[PDB]
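Chains as they are written, first to last, in the numbering used here: chain F, 7 to 219; chain C, 944 to 1165.
This is the structure we're talking about:
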């Protein structure tokens, strides 16, 4: 069996900082291997046999440990280091992987660039009305979106989706969607996508008025 | 350069069978232990089994969950690795990777790009793609954000490019959201004002499962 436990689940580091993460084995293992995985891609061999750097891996990375305790260290974190790092052993069947450590790059606050879009005519003719709101390139990741239809806030019908941290600017993005039928969309005038974020007390507000054309 | 390219993922109903492939190149395919590892949504990586090399008599070993249901084999003439899965079930939905062990029960030095398997009884449905343009003269600041709503499809995935990938910068394709057997995603592109509407901005959307391939040109409106 032997279960691998990684900590911390999330690790925050500013470019320039030195960071270490740990892999703990519930029972002694001979070697621990590490992998780096960026969302939308497959895991890549990062450190093997405890402390050897896989080909291409930056010398700022190093690995160490023995028995039940192992760790990976980045001497000087760089923004491209944002990724989830997994540890792995092959002591008995089956070889198992730890749960991972996500490296989150710390950067300055950045307010979202908010864009609101009324339903497309094409969708609308089909009987549906999806109001879309993009809240792009912000930081930190925590953010609240509120929808208001003529001053009245509603939560039903909203479907949110966030992206993973950008590898160059280290920001996050989000898309919020208010879904109604064509008919419901035509019983109101004002549509507002309101964003409460750390970058300010007052919310960002983007609106439009339904303009029958 | 060692390389592993998988093919075969897709939707299959519970009880169904499906075989995945992994084309290999760059090393002697017969001298290595070849594995398959899956990554289910929000779950840890899970090794499934292997097939050995020539010296060891090409023996196979499977994990307790897939033991019996899954079979691994090598193709007779092509350097292809297979994963035959039978009596599939919802819990098997995941991204599947073929991986090479550098030795015997050592580590996975090379991985494939991954292929996805969805096990469900919900029906294949092409996406409805709509263009997103502001409803008013919105220039005042500068740069302009446009989008596309890819709605009501199944199963995953769909691929979205902007101007055939010409437009690489300023794109944010968002992770699909599933609701009652149907997926919906959206993508935004942020382009300089000089290029639009002056220079055509189109979102290419492909949903293989349905062979669908649509290009919605974002047209200004008011």
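For each residue, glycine too, the CB sits at the ideal point set by N, CA and C.
| said: I need the boundaries of the alpha helix (DSSP H) containing residue 189 of chain F, first residue and last residue. | reply: 188-191
| field | Reduced DSSP secondary structure (H/G/I, E/B, other) of residue 964 of chain C | value | strand
| request: Label residue 142 of chain F either buried or exposed according to how many other C-beta atoms from any shown protein chain fall within 10 Å of its C-beta, with 16 as the threshold for buried. | output: buried
| When we look at the beta-carbon of residue 216 of chain F and count the other beta-carbons within 10 Å, is it buried (16 or more) or exposed? | Buried: at least 16 other Cβ atoms inside 10 Å.
| task | Please check the pair residue 1097 of chain C and residue 1065 of chain C, which I expect to be a contact at CB under 8 Å, by giving their CB distance rounded to whole angstroms. | result | 5 Å
| Cα-Cα, which of F:58, F:124, F:127, F:103 is closest to residue 987 of chain C? | F:103
| message | Against chain F, which members of the segment 1029-1050 of chain C pass a CB distance test of less than 7 Å? | response | 1040, 1048, 1049, 1050
| task | Write down every uninterrupted run of the alpha helix (DSSP H) in the segment 139-200 of chain F whose length is 4 residues or greater and which is fully enclosed by it, in chain order. | result | Look at the segment 139-200 of chain F and you find these whole runs of alpha helix (DSSP H), each 4 residues long or longer: 188-191.
| For residue 78 of chain F, does the three-state DSSP call read helix, strand or coil? | strand
| request: Note the first and the last residue of the continuous alpha helix (DSSP H) segment covering residue 130 of chain F. | output: 127-131 is the span of the alpha helix (DSSP H), which, as asked, contains residue 130 of chain F.
| message | Check whether chain C comes within 8 Å of residue 151 of chain F, counting only Cβ atoms and requiring the distance to be less than that. | response | no
| In chain F, what lies closer than 7 Å to residue 1073 of chain C by C-beta? | 126, 128, 129
| query | With 16 other CB atoms within 10 Å as the buried threshold, where does residue 201 of chain F fall? | reply | Buried: at least 16 other Cβ atoms inside 10 Å.
| task | Could you please give me the residues that DSSP links to residue 116 of chain F through a beta bridge? | result | F:145
| Applying a beta-carbon distance threshold of less than 9 Å, which residues of chain F neighbour residue 1077 of chain C? | 121, 122, 123, 124, 214
| With distances taken between CB atoms, is the gap from residue 1044 of chain C to residue 999 of chain C smaller than 8 Å? | Taking 8 Å as the Cβ cut-off, residue 1044 of chain C and residue 999 of chain C do not qualify as a contacting pair.
| request: Evaluate contact between the segment 92-101 of chain F and the segment 110-118 of chain F, counting only Cβ atoms and requiring at least three cross-stretch pairs below 8 Å. | output: Contact check between the segment 92-101 of chain F and the segment 110-118 of chain F: fewer than three CB pairs, one atom from each, fall below 8 Å, which does not count as touching.
| task | Go to residue 1091 of chain C, then tell me how far its beta strand (DSSP E) extends in each direction, as first and last residue. | result | 1087-1096
| task | On the DSSP bridge assignment, give the partners of residue 1135 of chain C in chain order. | result | In DSSP, residue 1135 of chain C forms no bridge with anything.
| task | Check the DSSP bridge columns for residue 7 of chain F and list the partner residues they point to. | result | Paired residues: none, contrary to the question.
| said: What does the alpha-carbon distance come out to for the pair residue 29 of chain F and residue 997 of chain C? | reply: 34 Å
| Any C-beta of chain A sitting closer than 8 Å to the C-beta of residue 39 of chain F? | Among the protein chains of the structure shown, namely F and C, there is no chain A.
| Name the DSSP bridge partner or partners of residue 1145 of chain C? | C:1160
| request: Tell me residue 949 of chain C's beta-bridge partners as DSSP assigns them. | output: BP columns for residue 949 of chain C point to C:965.
| message | On the criterion of 16 or more Cβ atoms from any shown chain inside 10 Å, does residue 1121 of chain C qualify as buried, or is it exposed? | response | exposed
| said: Does chain C have any CB closer than 8 Å to the CB of residue 70 of chain F? | reply: Cβ-Cβ to chain C under 8 Å: no for residue 70 of chain F.
| Selected residue, minimal CA-CA separation from residue 58 of chain F, among F:77, F:218, F:73 | F:77
| Proximal residues of chain C, C-beta to C-beta of residue 162 of chain F below 8 Å | The contacting residues do not exist; residue 162 of chain F stays about 12 Å from chain C at best.
| request: Output the residue ranges of the beta strand (DSSP E) runs that lie fully inside the segment 10-74 of chain F and measure 3 residues or longer, sorted by chain position. | output: 10-13, 16-19, 25-31, 39-43, 50-54, 67-72
| task | Indicate whether at least one CB of chain F lies closer than 8 Å to the CB of residue 1153 of chain C. | result | For residue 1153 of chain C, the answer is no, since every Cβ of chain F falls outside 8 Å of its Cβ.
| task | Name the residue from C:1069, C:1063, C:1089 whose alpha carbon lies nearest to the alpha carbon of residue 138 of chain F. | result | C:1089
| said: My output table needs one value for residue 202 of chain F: the three-state DSSP class, helix, strand or coil. | reply: strand
| message | Suppose the cutoff is 6 Å on Cβ atoms and the five residues either side in sequence are ignored; what does the same chain contact list for residue 208 of chain F look like? | response | none
| query | Which residues of chain F have a Cβ atom closer than 8 Å to the Cβ of residue 1092 of chain C, listed in chain order? | reply | 126, 129, 136, 138, 183
| query | If we call anything under 8 Å between Cβ atoms a contact, is residue 1159 of chain C one with residue 1143 of chain C? | reply | no
| query | By DSSP, does residue 972 of chain C sit in helix, in strand, or in coil? | reply | helix
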